[PDB]
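Chains as they are written, first to last, in the authors' numbering: chain A, 1 to 32; chain A', 1 to 32; chain A'', 1 to 32. A prime marks a further copy of an entry chain.
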Amino acid sequence: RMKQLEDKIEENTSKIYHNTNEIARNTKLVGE
Amino acid sequence: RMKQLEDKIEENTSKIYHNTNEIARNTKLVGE
Amino acid sequence: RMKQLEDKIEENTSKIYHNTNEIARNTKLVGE
Ligand SMILES: [Br-]
Ligand SMILES: [Br-]
Ligand SMILES: [Br-]
């Protein structure tokens with residue numbers, strides 16, 4: 001049942017990807 | 001041993017959830 | 001094949017760790 005834990009891992013990886021980009025936007029906006 | 005990798009996946013999902021909410025707070029605070 | 005899904009879980013955990021620290025930097029910078 002390697003297949004569907006793999007789906008959850010990927011759902012996490014995707015959420016992380018989008019969070020990283022949003023963080024980067026905030027980083028730029030707070031910076032000088 | 002599907003059970004405890006599943007625990008780690010969930011520990012990650014939880015950490016992501018809280019990060020997403022904190023990011024959203026920062027997004028609002030940087031915005032106009 | 002518990003071993004390499006475990007590698008991906010860890011790649012996620014590491015990405016989360018670094019995101020949490022970057023968020024914390026932004027939180028401090030937006031705060032009063
Ligand atoms: Br994250
Ligand atoms: Br994960
Ligand atoms: Br942020």
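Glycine is no exception: its CB is placed at the ideal position from the N, C-alpha and C atoms.
CB of residue i within 8 Å of CB of residue j, strictly
{"i": "residue 98/A'", "j": "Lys15/A", "result": "Residue 98/A' lies beyond the stretch modelled for chain A', which goes from 1 to 32, so this question has no answer here."}
{"i": "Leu5/A''", "j": "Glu10/A", "result": "no"}
{"i": "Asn12/A''", "j": "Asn19/A'", "result": "no"}
Cβ separation of residue i and residue j, assumed to be a contact under 8 Å, to the nearest whole Å
{"i": "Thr27/A''", "j": "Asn26/A'", "result": "6 Å"}
Chain A' within 8 Å of residue i, Cβ atoms only
{"i": "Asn21/A", "result": "no"}
{"i": "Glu11/A''", "result": "no"}
{"i": "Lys15/A", "result": "yes"}
Simplified DSSP state of residue i, which is helix, strand or coil
{"i": "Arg25/A''", "result": "helix"}
{"i": "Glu11/A", "result": "helix"}
{"i": "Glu32/A", "result": "coil"}
Test: residue i CB closer than 8 Å to a CB of chain A''
{"i": "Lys8/A'", "result": "yes"}
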